[PDB]
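Participant: Handing you this structure, nothing more for now.
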Amino acid sequence: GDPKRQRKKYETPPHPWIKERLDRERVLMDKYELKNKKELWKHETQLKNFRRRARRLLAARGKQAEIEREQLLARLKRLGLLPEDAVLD
Amino acid sequence: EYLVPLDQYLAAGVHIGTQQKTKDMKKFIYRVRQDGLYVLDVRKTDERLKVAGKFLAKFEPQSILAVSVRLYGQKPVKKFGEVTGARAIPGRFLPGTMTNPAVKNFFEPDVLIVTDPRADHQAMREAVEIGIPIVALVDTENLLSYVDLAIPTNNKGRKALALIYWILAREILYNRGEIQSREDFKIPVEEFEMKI
Amino acid sequence: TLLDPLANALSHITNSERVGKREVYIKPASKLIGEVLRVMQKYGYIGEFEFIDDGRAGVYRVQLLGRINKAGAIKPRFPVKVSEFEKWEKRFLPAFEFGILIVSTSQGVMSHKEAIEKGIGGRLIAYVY
Amino acid sequence: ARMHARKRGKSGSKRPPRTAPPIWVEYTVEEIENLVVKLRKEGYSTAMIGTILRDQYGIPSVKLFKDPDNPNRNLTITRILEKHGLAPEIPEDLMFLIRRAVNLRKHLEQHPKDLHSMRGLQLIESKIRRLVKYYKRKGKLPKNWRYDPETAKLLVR
Amino acid sequence: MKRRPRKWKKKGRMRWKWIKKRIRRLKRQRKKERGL
Amino acid sequence: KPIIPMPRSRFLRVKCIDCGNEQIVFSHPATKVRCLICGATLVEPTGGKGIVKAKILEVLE
Amino acid sequence: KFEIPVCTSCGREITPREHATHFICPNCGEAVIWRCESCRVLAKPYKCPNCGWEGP
Amino acid sequence: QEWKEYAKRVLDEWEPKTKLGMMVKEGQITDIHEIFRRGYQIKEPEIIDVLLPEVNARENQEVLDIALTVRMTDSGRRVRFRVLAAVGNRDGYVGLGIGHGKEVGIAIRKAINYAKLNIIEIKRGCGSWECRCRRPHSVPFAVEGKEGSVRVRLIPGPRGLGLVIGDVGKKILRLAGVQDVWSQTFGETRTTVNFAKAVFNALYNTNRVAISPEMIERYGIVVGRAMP
RNA sequence: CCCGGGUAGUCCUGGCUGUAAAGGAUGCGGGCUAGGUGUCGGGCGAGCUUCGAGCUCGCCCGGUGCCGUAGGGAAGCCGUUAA
RNA sequence: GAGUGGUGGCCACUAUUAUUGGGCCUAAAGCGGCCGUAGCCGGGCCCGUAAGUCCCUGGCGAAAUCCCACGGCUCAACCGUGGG
Ligand SMILES: [Zn+2]
Ligand SMILES: [Zn+2]
Ligand SMILES: [Zn+2]
Ligand SMILES: [Zn+2]
């Protein structure tokens, strides 16, 4: 029995030094002028969370599943990441 | 029965096999003699001979290999190739003839004819690699593996091989259209077999 | 000694399919084997099959159409609910809705797809894909 | 495979699929029962009675004839014998095993160094115990019944 | 004594028979010293 | 091997040469088959097919 | 798309780089026959869809 | 277009040597799909260079391993180079080759040539439970491939999820065209030759599984090149 | 190590010890997965016979060896006597 | 990157604990061999009960913690309102 511990909102790369990942991340950093790699990893994990939610909801059946699918699509459209006529796919 | 008389078949000894036997040719085997020797079915041999002649009449004349490592079968193959225009390779089959393009005598046929699978395993192996139809003269103890067409016969004999190749060449010529009738063929059968 | 005629029959079918046979005989016969064969024929994994009486449990003659990649019995016969089929599908099949899990339910033996359609569970008795 | 020797011997009887007695049998069910009873009086065991009926009288098997007293079952040598009250008190196979076990013990007492025959006796007694357990479970023999060579001597006698 | 067939190989080792004999001698010496 | 094994033995109609009695016997007897009237041996047991010493009239199924 | 050849005996699709063969029917000559590497090795019989003629 | 003129030039300069080469030069064969599934032998790289010229792109050619090798003679050590390379187009055609030489360059040319000769055809699709689309972005279904002691199991994965497989395996899959897959490996994966050949066999085995016509629509199965 | 002698032992009758590269370095029962060819016991059919419980060929079941297809394995090799 | 290094501990790495899912001829490992008690696994068909099993429906399994949507602190961390 332990209490809650606040967790990190970003995930570090599995391997610190990979040539292709380093080059790609460097290009993204230079283009978008981010301060450090933790911001980029935060956005990357946001994308990963969205993708994981979509994958989990694709193979789910139940009223709660439909509600969550609709809420996910509505939230993405509100954020502007998807067009109005988007689909879960 | 129809191609040549049963008397000629028996004289050529096409029906005499060997002591050994395999289940691959149980259908072709006719009966068993008290000495343990097995006798083929002349009916089956004739039917498959007609079928093989019809099949071979459809190919380009210079795209048919005839191979036989057996000394008794070398000459009939040579004369069959000479008559039909097909290529014949009596004797030792040079490895890589069909597989190595750098060989001097490189050639890629459309169909292979083997006097004996066991004696011509090399040619059969190369033909399997290249992927072309195989026709084989099969005896009672021969396997039918990798054989697209099988002619049951006594492939070890002299007169048997000569008569088989004589009948074959005649059928290919008749079906192709060189001769208007079977009896028009003029080359004597006795010429096919070698002397002693 | 003999313990699972269903497993014996399914393994025999798999081996015959691998070798490339066209006909197979299953012995001993049973109602469970008959129903499994019925389901397989319904889904088109096998051809015509018939029963032969011999004064004993009986024999099944089955025609193979070269359409089975692998068929096998499931032991132990795990019970499964309607909402707990995805894990078994992943365990026993290559892709989603690729093969079929033959399940014995209270309304007879049927494929897991039919079980889900009817909204009932059962026990996994075999699989084939 | 065999229970002890562990080798696969597939020798046995090949019974053809049948559903009714042959049309060429020259005896009625009552005559068959009379023959079974008279042979049992003579003293042959059930297996011998069946063999004699098959050989001499040309009766393939009594199991082919329906039971006139119970339409739900077919006839049998043991069923006929118990209908007439001649059924063995102890099962025949168990009795045979016990008889040859006591004979083997008689031999072993005189030949104490026959270890191979002693092993054979051990296997025979294991078979006897298996059959005793099965018969106890099926209720054929009393629950307090036990196999003991001393009592088996009298039982065989 | 328990069986370790890997010990029978002679690559860089003394014969296991004689190692075993020596071990028995050592055990017997220890037992004598204890007084059993 | 066979899917539906069948017996290789057959029943035989036999006429006894001594008395002329008709009888039905097994081809592979395990005992000494005898006539039911004169008590004369008809078939003797062996390791396989029995040796028949009485006239054979028919072979049944 | 394009048609994938299938065996006449077993009906299974033939892989891109296996020792399979194809040839017109020796008897009639209208229908073609395909043989798998496995079928050829095992000497499994084949039947023309038209004639009914059977056997390698 | 550049690869099209390259094909035209090599066709002009090429003299046939084999039956398939003569057939291609004459023109009876005009699509790469027509040389497979017929039992022919490919002993001349000009056929591949003509029918699928994009395989000659440096970005489409990859070298997977370079190994020094030694054999003892009374005069010393004789050193040889073994180069394992992979080639193909990113649309469903891939090939793997091994070349031996006295120098890295000779080994590389021989390995690339053998990979061209060994090119094969694969089937792609989507069979993941979490994706259930009809695009050829992954393997249609789970497949197995074994070589030496290395066993590789490839499982479909949802779109956007990269290649979850060793470096050489993902290189081979990228060359083939696949871009989403999960992996499960057993044995000595550090043996690069065995691992690469196991992945090659796993990709090749996609043609050895019987599928009903409905499965093609269900999984969006595409053989060789797609709508491209 | 080689050569002449030699005690215990090796042998028998009652016991104890329970150990081996005690190895097929492979636990046991069951269903299925091409063949070929040796040999032992039994049964079936045919032909010979000097009429022999004799000889030869074919078939079925159970033993005991070799080669080998599919396939398995790191390979050696195993492969209906499976590893 | 206001963090970055060193040491100990736990999980993955490790299908080196293997129900999913490991091995035992030559690398670790088949008791020298067999008989058999508890346990485990057990031929075909019919009828009956429903203990296991499956489906539906009431009473429970505190809150906080976990996931989703909206709203309030500038967004967030945090908190509230609903669903799970
Ligand atoms: Zn009489
Ligand atoms: Zn035809
Ligand atoms: Zn096929
Ligand atoms: Zn997808």
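Residue numbering restarts at 1 in every chain; chains get A, B, ... in the order shown in the structure tokens, and ligands count up from 1 in that same order.
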Can I get the residues close to ligand 3 as a compact mmCIF listing (two decimals) with C-alpha atoms, in the first residue's frame, where close means within 12 Å and we count only C-alpha atoms (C1' of nucleotides) and all ligand atoms?
Facilitator:
```txt
# COMPACT_ATOMS: atom_id res chain seq x y z
CA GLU C 17 -2.97 -32.25 -45.56
CA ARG C 18 0.76 -31.61 -45.19
CA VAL C 19 1.60 -34.74 -47.19
CA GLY C 20 -0.99 -33.73 -49.79
CA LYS C 21 -3.54 -36.52 -49.42
CA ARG C 22 -7.05 -36.26 -50.85
CA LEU C 65 -9.65 -30.08 -50.58
CA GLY C 66 -6.21 -28.75 -49.67
CA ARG C 67 -7.62 -25.75 -47.80
CA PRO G 5 -1.35 -20.55 -61.08
CA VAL G 6 -2.72 -23.36 -58.94
CA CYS G 7 -1.92 -27.06 -58.93
CA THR G 8 -4.22 -29.52 -60.68
CA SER G 9 -3.75 -32.25 -58.06
CA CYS G 10 -3.81 -30.48 -54.69
CA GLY G 11 -5.11 -27.06 -55.75
CA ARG G 12 -2.60 -25.13 -53.63
CA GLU G 13 -1.00 -22.01 -55.06
CA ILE G 14 2.55 -22.46 -56.37
CA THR G 15 5.21 -20.31 -54.74
CA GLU G 18 9.65 -23.56 -56.44
CA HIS G 19 10.32 -26.45 -58.82
CA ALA G 20 6.84 -26.55 -60.33
CA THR G 21 6.08 -27.29 -63.98
CA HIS G 22 3.29 -26.63 -66.46
CA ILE G 33 -1.75 -28.95 -66.15
CA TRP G 34 0.41 -27.54 -63.35
CA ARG G 35 2.48 -29.66 -60.96
CA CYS G 36 3.84 -28.56 -57.59
CA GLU G 37 7.35 -29.35 -56.46
CA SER G 38 5.89 -31.45 -53.64
CA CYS G 39 3.39 -33.16 -55.95
CA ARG G 40 6.14 -33.97 -58.45
CA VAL G 41 8.40 -35.33 -55.70
CA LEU G 42 5.64 -37.50 -54.23
CA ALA G 43 4.42 -38.66 -57.67
CA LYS G 44 0.86 -37.68 -56.82
CA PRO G 45 -1.45 -38.43 -59.78
CA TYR G 46 -3.23 -35.72 -61.74
CA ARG H 208 2.64 -20.77 -48.77
```
Participant: Kindly provide the residues of stretch 4-60 of chain J that approach stretch 19-26 of chain I to within 12 Å, each paired with its closest atom pair and their distance in Å to one decimal, based on only C-alpha atoms (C1' of nucleotides), listed by chain and increasing number, as a Markdown table.
Facilitator:
```
| residue | atom | partner | partner_atom | distance |
| --- | --- | --- | --- | --- |
| J:24 | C1' | I:26 | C1' | 9.7 |
| J:25 | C1' | I:26 | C1' | 5.3 |
| J:26 | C1' | I:25 | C1' | 8.1 |
| J:29 | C1' | I:25 | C1' | 11.5 |
| J:30 | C1' | I:26 | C1' | 8.2 |
| J:32 | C1' | I:22 | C1' | 4.5 |
| J:33 | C1' | I:22 | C1' | 9.0 |
```
Participant: Include N, CA, C and O atoms (P, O5', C5', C4', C3', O3' and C1' of nucleotides) and write out the residues we just selected as a PDB file, in the first residue's frame.
Facilitator:
```
ATOM      1  P     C J  24      16.243 -31.585 -25.845  1.00  0.00           P
ATOM      2  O5'   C J  24      16.858 -32.655 -24.841  1.00  0.00           O
ATOM      3  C5'   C J  24      18.238 -32.634 -24.508  1.00  0.00           C
ATOM      4  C4'   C J  24      18.500 -33.373 -23.220  1.00  0.00           C
ATOM      5  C3'   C J  24      17.973 -34.796 -23.164  1.00  0.00           C
ATOM      6  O3'   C J  24      18.846 -35.721 -23.788  1.00  0.00           O
ATOM      7  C1'   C J  24      17.396 -33.649 -21.174  1.00  0.00           C
ATOM      8  P     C J  25      18.446 -36.387 -25.193  1.00  0.00           P
ATOM      9  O5'   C J  25      19.752 -37.189 -25.627  1.00  0.00           O
ATOM     10  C5'   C J  25      20.117 -38.402 -24.984  1.00  0.00           C
ATOM     11  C4'   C J  25      21.244 -39.086 -25.714  1.00  0.00           C
ATOM     12  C3'   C J  25      22.498 -38.246 -25.910  1.00  0.00           C
ATOM     13  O3'   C J  25      23.359 -38.290 -24.785  1.00  0.00           O
ATOM     14  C1'   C J  25      21.876 -39.236 -27.970  1.00  0.00           C
ATOM     15  P     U J  26      24.052 -36.951 -24.233  1.00  0.00           P
ATOM     16  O5'   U J  26      25.243 -36.685 -25.255  1.00  0.00           O
ATOM     17  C5'   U J  26      26.342 -37.579 -25.351  1.00  0.00           C
ATOM     18  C4'   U J  26      27.258 -37.192 -26.482  1.00  0.00           C
ATOM     19  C3'   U J  26      27.723 -35.743 -26.484  1.00  0.00           C
ATOM     20  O3'   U J  26      28.847 -35.531 -25.651  1.00  0.00           O
ATOM     21  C1'   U J  26      26.931 -36.325 -28.636  1.00  0.00           C
ATOM     22  P     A J  29      24.497 -34.041 -17.498  1.00  0.00           P
ATOM     23  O5'   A J  29      23.489 -35.167 -17.001  1.00  0.00           O
ATOM     24  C5'   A J  29      22.854 -35.049 -15.736  1.00  0.00           C
ATOM     25  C4'   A J  29      21.411 -34.628 -15.871  1.00  0.00           C
ATOM     26  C3'   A J  29      20.547 -35.503 -16.761  1.00  0.00           C
ATOM     27  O3'   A J  29      20.079 -36.655 -16.086  1.00  0.00           O
ATOM     28  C1'   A J  29      20.167 -33.218 -17.270  1.00  0.00           C
ATOM     29  P     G J  30      20.765 -38.082 -16.345  1.00  0.00           P
ATOM     30  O5'   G J  30      20.118 -38.571 -17.713  1.00  0.00           O
ATOM     31  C5'   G J  30      18.729 -38.400 -17.958  1.00  0.00           C
ATOM     32  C4'   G J  30      17.935 -39.608 -17.531  1.00  0.00           C
ATOM     33  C3'   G J  30      18.029 -40.808 -18.467  1.00  0.00           C
ATOM     34  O3'   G J  30      17.886 -42.015 -17.718  1.00  0.00           O
ATOM     35  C1'   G J  30      15.796 -40.067 -18.373  1.00  0.00           C
ATOM     36  P     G J  32      20.295 -44.701 -11.999  1.00  0.00           P
ATOM     37  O5'   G J  32      20.088 -46.008 -12.882  1.00  0.00           O
ATOM     38  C5'   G J  32      20.648 -46.106 -14.182  1.00  0.00           C
ATOM     39  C4'   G J  32      20.526 -47.505 -14.725  1.00  0.00           C
ATOM     40  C3'   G J  32      19.111 -48.047 -14.854  1.00  0.00           C
ATOM     41  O3'   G J  32      18.460 -47.617 -16.035  1.00  0.00           O
ATOM     42  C1'   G J  32      20.469 -49.651 -13.784  1.00  0.00           C
ATOM     43  P     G J  33      16.895 -47.262 -16.013  1.00  0.00           P
ATOM     44  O5'   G J  33      16.177 -48.681 -15.930  1.00  0.00           O
ATOM     45  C5'   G J  33      16.226 -49.588 -17.020  1.00  0.00           C
ATOM     46  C4'   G J  33      15.729 -50.956 -16.625  1.00  0.00           C
ATOM     47  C3'   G J  33      14.275 -51.038 -16.187  1.00  0.00           C
ATOM     48  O3'   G J  33      13.376 -51.128 -17.278  1.00  0.00           O
ATOM     49  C1'   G J  33      15.631 -52.169 -14.622  1.00  0.00           C
TER      50        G J  33
END
```
Participant: If you count only C-alpha atoms (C1' of nucleotides), which residues fall within 9 Å of residue F:23, apart from same-chain ones fewer than 3 positions away, as a tab-separated table (two decimals) with N, CA, C and O atoms, in the first residue's frame?
Facilitator:
```
chain	number	residue	atom	x	y	z
D	56	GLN	N	-18.14	-77.19	-33.62
D	56	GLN	CA	-18.91	-78.40	-33.89
D	56	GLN	C	-20.30	-78.08	-34.43
D	56	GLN	O	-20.74	-78.67	-35.42
D	57	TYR	N	-21.01	-77.16	-33.78
D	57	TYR	CA	-22.41	-76.90	-34.10
D	57	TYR	C	-22.60	-75.77	-35.09
D	57	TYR	O	-23.74	-75.52	-35.51
D	58	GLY	N	-21.54	-75.08	-35.48
D	58	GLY	CA	-21.65	-74.02	-36.47
D	58	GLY	C	-22.52	-72.86	-36.03
D	58	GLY	O	-23.36	-72.39	-36.79
F	12	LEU	N	-18.23	-74.27	-43.29
F	12	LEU	CA	-18.32	-75.26	-44.36
F	12	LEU	C	-19.42	-76.26	-44.06
F	12	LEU	O	-19.58	-76.70	-42.91
F	13	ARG	N	-20.17	-76.62	-45.09
F	13	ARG	CA	-21.11	-77.73	-45.01
F	13	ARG	C	-20.35	-79.01	-45.33
F	13	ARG	O	-19.73	-79.12	-46.40
F	14	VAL	N	-20.38	-79.97	-44.42
F	14	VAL	CA	-19.57	-81.18	-44.51
F	14	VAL	C	-20.47	-82.39	-44.38
F	14	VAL	O	-21.33	-82.45	-43.50
F	15	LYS	N	-20.26	-83.36	-45.26
F	15	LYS	CA	-20.91	-84.66	-45.19
F	15	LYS	C	-19.91	-85.68	-44.69
F	15	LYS	O	-18.80	-85.79	-45.24
F	16	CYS	N	-20.29	-86.42	-43.65
F	16	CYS	CA	-19.43	-87.44	-43.09
F	16	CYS	C	-19.42	-88.66	-44.00
F	16	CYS	O	-20.47	-89.13	-44.44
F	35	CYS	N	-18.11	-85.87	-35.74
F	35	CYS	CA	-19.48	-86.07	-36.16
F	35	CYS	C	-20.39	-86.23	-34.95
F	35	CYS	O	-19.99	-86.75	-33.91
F	36	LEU	N	-21.63	-85.77	-35.09
F	36	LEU	CA	-22.57	-85.77	-33.98
F	36	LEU	C	-23.31	-87.09	-33.81
F	36	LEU	O	-24.04	-87.25	-32.83
```
Participant: Can you tell me, as number ranges by chain, what residues are no more than 12 Å from residue H:104 when counting only C-alpha atoms (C1' of nucleotides), ignoring any on the same chain fewer than 2 positions away?
Facilitator: H: 63, 65-69, 79-85, 99-102, 106-111
Participant: Contacts of stretch 27-42 of chain B at 7 Å or less, counting only C-alpha atoms (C1' of nucleotides), minus same-chain residues fewer than 4 places along, as a ChimeraX atom specification?
Facilitator: /B:15-19,46,152 /I:47,57
Participant: Per DSSP on the backbone, filter chain G down to the residues in helix (DSSP H, G or I) and report them as a list in words.
Facilitator: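 Taking chain G and keeping helix (DSSP H, G or I) gives residues 37, 38, 39, 40, 41 and 42 of chain G.
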Participant: Please save N, CA and C atoms of the selected residues as a CSV table (one decimal), in the first residue's frame.
Facilitator:
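What follows is the written file out-v7.csv:
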```csv
chain,number,residue,atom,x,y,z
G,37,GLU,N,6.1,-28.6,-56.8
G,37,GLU,CA,7.4,-29.3,-56.5
G,37,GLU,C,7.1,-30.5,-55.6
G,38,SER,N,6.2,-30.4,-54.5
G,38,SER,CA,5.9,-31.5,-53.6
G,38,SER,C,5.1,-32.5,-54.4
G,39,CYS,N,4.2,-32.2,-55.2
G,39,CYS,CA,3.4,-33.2,-56.0
G,39,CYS,C,4.3,-34.0,-56.9
G,40,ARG,N,5.2,-33.3,-57.6
G,40,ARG,CA,6.1,-34.0,-58.5
G,40,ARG,C,7.0,-34.9,-57.7
G,41,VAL,N,7.5,-34.5,-56.5
G,41,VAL,CA,8.4,-35.3,-55.7
G,41,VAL,C,7.7,-36.6,-55.2
G,42,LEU,N,6.4,-36.4,-54.8
G,42,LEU,CA,5.6,-37.5,-54.2
G,42,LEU,C,4.9,-38.3,-55.3
```
Participant: Show me which residues sit within 10 Å of ligand 2 when counting only C-alpha atoms (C1' of nucleotides) and all ligand atoms, and put them as an MDAnalysis selection string.
Facilitator: chainID G and resid 24:33 47:54
Participant: Mind listing the residues within 10 Å of ligand 1, only C-alpha atoms (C1' of nucleotides) and all ligand atoms counted, as a compact mmCIF listing (two decimals) with C-alpha atoms, in the first residue's frame?
Facilitator:
```
# COMPACT_ATOMS: atom_id res chain seq x y z
CA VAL F 14 -19.57 -81.18 -44.51
CA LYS F 15 -20.91 -84.66 -45.19
CA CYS F 16 -19.43 -87.44 -43.09
CA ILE F 17 -18.11 -90.31 -45.20
CA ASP F 18 -18.74 -92.98 -42.54
CA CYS F 19 -22.43 -92.36 -41.81
CA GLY F 20 -23.48 -89.66 -44.29
CA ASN F 21 -24.51 -87.06 -41.72
CA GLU F 22 -24.68 -83.39 -42.71
CA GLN F 23 -23.04 -80.80 -40.47
CA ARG F 34 -16.29 -84.73 -34.61
CA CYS F 35 -19.48 -86.07 -36.16
CA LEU F 36 -22.57 -85.77 -33.98
CA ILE F 37 -23.79 -89.35 -34.66
CA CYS F 38 -20.88 -91.70 -35.43
CA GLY F 39 -18.27 -89.63 -33.58
CA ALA F 40 -15.77 -89.68 -36.45
CA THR F 41 -13.21 -86.91 -36.80
CA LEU F 42 -14.14 -84.35 -39.45
CA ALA F 54 -15.11 -85.14 -44.65
```
Participant: Residues at most 12 Å from residue I:44, counting only C-alpha atoms (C1' of nucleotides), excluding those fewer than 4 positions away in the same chain, as number ranges by chain?
Facilitator: F: 8-9, 47-49; I: 58-61
Participant: Taking only C-alpha atoms (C1' of nucleotides) and all ligand atoms into account, which residues are within 12 Å of ligand 4, as a PyMOL selection string?
Facilitator: (chain A and resi 55+58+89) or (chain C and resi 95-96) or (chain H and resi 124-141+156-161+178-181+218-221)
Participant: Extract, using only C-alpha atoms (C1' of nucleotides), all DNA, RNA and protein residues at most 12 Å from residue H:62, discarding same-chain residues fewer than 5 positions from it, and format them as a ChimeraX atom specification.
Facilitator: /H:55-57,83-89,94-97,108-109,111-112,115-116,168-176
Participant: Would you put the residues from that selection into a file with N, CA, C and O atoms, as a tab-separated table (two decimals), in the first residue's frame?
Facilitator:
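Final output, saved to out-v5.tsv:
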```
chain	number	residue	atom	x	y	z
H	55	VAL	N	15.72	-1.33	-58.80
H	55	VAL	CA	16.56	-2.03	-57.84
H	55	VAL	C	18.00	-1.56	-57.90
H	55	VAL	O	18.78	-1.83	-56.97
H	56	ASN	N	18.40	-0.88	-58.97
H	56	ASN	CA	19.77	-0.41	-59.11
H	56	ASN	C	20.03	0.88	-58.34
H	56	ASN	O	21.18	1.31	-58.27
H	57	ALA	N	19.00	1.49	-57.76
H	57	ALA	CA	19.20	2.70	-56.98
H	57	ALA	C	20.00	2.40	-55.72
H	57	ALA	O	19.76	1.40	-55.03
H	83	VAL	N	30.43	-10.85	-48.02
H	83	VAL	CA	29.53	-9.71	-47.96
H	83	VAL	C	28.11	-10.20	-48.16
H	83	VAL	O	27.80	-10.82	-49.18
H	84	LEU	N	27.25	-9.92	-47.18
H	84	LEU	CA	25.83	-10.22	-47.25
H	84	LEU	C	25.10	-8.92	-47.57
H	84	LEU	O	25.21	-7.95	-46.81
H	85	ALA	N	24.37	-8.91	-48.68
H	85	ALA	CA	23.70	-7.71	-49.17
H	85	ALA	C	22.25	-8.03	-49.52
H	85	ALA	O	21.90	-9.19	-49.77
H	86	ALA	N	21.42	-6.99	-49.52
H	86	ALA	CA	20.01	-7.11	-49.87
H	86	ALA	C	19.65	-6.02	-50.86
H	86	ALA	O	20.13	-4.89	-50.75
H	87	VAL	N	18.80	-6.37	-51.83
H	87	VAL	CA	18.36	-5.44	-52.86
H	87	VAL	C	16.86	-5.62	-53.05
H	87	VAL	O	16.26	-6.56	-52.53
H	88	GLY	N	16.26	-4.71	-53.78
H	88	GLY	CA	14.86	-4.82	-54.14
H	88	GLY	C	14.20	-3.47	-54.20
H	88	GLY	O	14.78	-2.43	-53.89
H	89	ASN	N	12.94	-3.48	-54.63
H	89	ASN	CA	12.14	-2.26	-54.69
H	89	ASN	C	11.17	-2.23	-53.52
H	89	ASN	O	10.76	-3.27	-52.99
H	94	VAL	N	11.91	-8.24	-53.29
H	94	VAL	CA	13.14	-8.16	-52.51
H	94	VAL	C	14.00	-9.39	-52.81
H	94	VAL	O	13.51	-10.41	-53.29
H	95	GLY	N	15.29	-9.26	-52.53
H	95	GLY	CA	16.22	-10.35	-52.74
H	95	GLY	C	17.43	-10.20	-51.85
H	95	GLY	O	17.82	-9.08	-51.49
H	96	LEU	N	18.03	-11.33	-51.50
H	96	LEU	CA	19.18	-11.38	-50.61
H	96	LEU	C	20.29	-12.19	-51.25
H	96	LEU	O	20.02	-13.22	-51.87
H	97	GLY	N	21.53	-11.74	-51.09
H	97	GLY	CA	22.66	-12.39	-51.73
H	97	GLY	C	23.89	-12.38	-50.84
H	97	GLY	O	24.05	-11.54	-49.96
H	108	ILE	N	31.25	-7.05	-52.66
H	108	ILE	CA	30.01	-6.28	-52.73
H	108	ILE	C	29.36	-6.42	-54.10
H	108	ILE	O	28.15	-6.65	-54.20
H	109	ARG	N	30.14	-6.29	-55.17
H	109	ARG	CA	29.55	-6.48	-56.50
H	109	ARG	C	28.96	-7.88	-56.64
H	109	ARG	O	27.83	-8.04	-57.12
H	111	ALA	N	27.89	-9.92	-54.31
H	111	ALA	CA	26.72	-10.07	-53.45
H	111	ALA	C	25.50	-9.38	-54.04
H	111	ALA	O	24.40	-9.93	-54.01
H	112	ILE	N	25.68	-8.17	-54.57
H	112	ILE	CA	24.55	-7.47	-55.17
H	112	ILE	C	24.04	-8.23	-56.39
H	112	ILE	O	22.83	-8.34	-56.61
H	115	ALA	N	22.06	-11.16	-55.14
H	115	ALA	CA	20.77	-10.72	-54.62
H	115	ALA	C	19.79	-10.42	-55.75
H	115	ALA	O	18.62	-10.81	-55.69
H	116	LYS	N	20.27	-9.75	-56.81
H	116	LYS	CA	19.41	-9.53	-57.97
H	116	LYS	C	18.92	-10.86	-58.53
H	116	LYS	O	17.73	-11.00	-58.85
H	168	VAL	N	18.85	-5.34	-39.00
H	168	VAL	CA	18.92	-5.96	-40.32
H	168	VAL	C	17.55	-6.41	-40.78
H	168	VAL	O	17.19	-6.30	-41.96
H	169	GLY	N	16.74	-6.95	-39.86
H	169	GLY	CA	15.40	-7.35	-40.21
H	169	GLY	C	14.56	-6.18	-40.71
H	169	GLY	O	13.85	-6.29	-41.71
H	170	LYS	N	14.65	-5.04	-40.02
H	170	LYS	CA	13.89	-3.88	-40.47
H	170	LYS	C	14.43	-3.32	-41.77
H	170	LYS	O	13.66	-2.80	-42.58
H	171	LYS	N	15.74	-3.42	-42.00
H	171	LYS	CA	16.28	-3.02	-43.30
H	171	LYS	C	15.70	-3.88	-44.42
H	171	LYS	O	15.26	-3.36	-45.45
H	172	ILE	N	15.67	-5.20	-44.22
H	172	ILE	CA	15.12	-6.09	-45.24
H	172	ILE	C	13.64	-5.78	-45.46
H	172	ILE	O	13.17	-5.73	-46.60
H	173	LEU	N	12.89	-5.58	-44.38
H	173	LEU	CA	11.46	-5.31	-44.51
H	173	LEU	C	11.22	-3.98	-45.21
H	173	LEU	O	10.29	-3.86	-46.02
H	174	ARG	N	12.02	-2.97	-44.90
H	174	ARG	CA	11.89	-1.68	-45.58
H	174	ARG	C	12.17	-1.82	-47.07
H	174	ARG	O	11.47	-1.23	-47.89
H	175	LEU	N	13.19	-2.60	-47.43
H	175	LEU	CA	13.46	-2.84	-48.84
H	175	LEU	C	12.29	-3.55	-49.51
H	175	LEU	O	11.91	-3.23	-50.64
H	176	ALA	N	11.71	-4.53	-48.82
H	176	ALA	CA	10.58	-5.27	-49.39
H	176	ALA	C	9.37	-4.37	-49.60
H	176	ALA	O	8.71	-4.45	-50.64
```
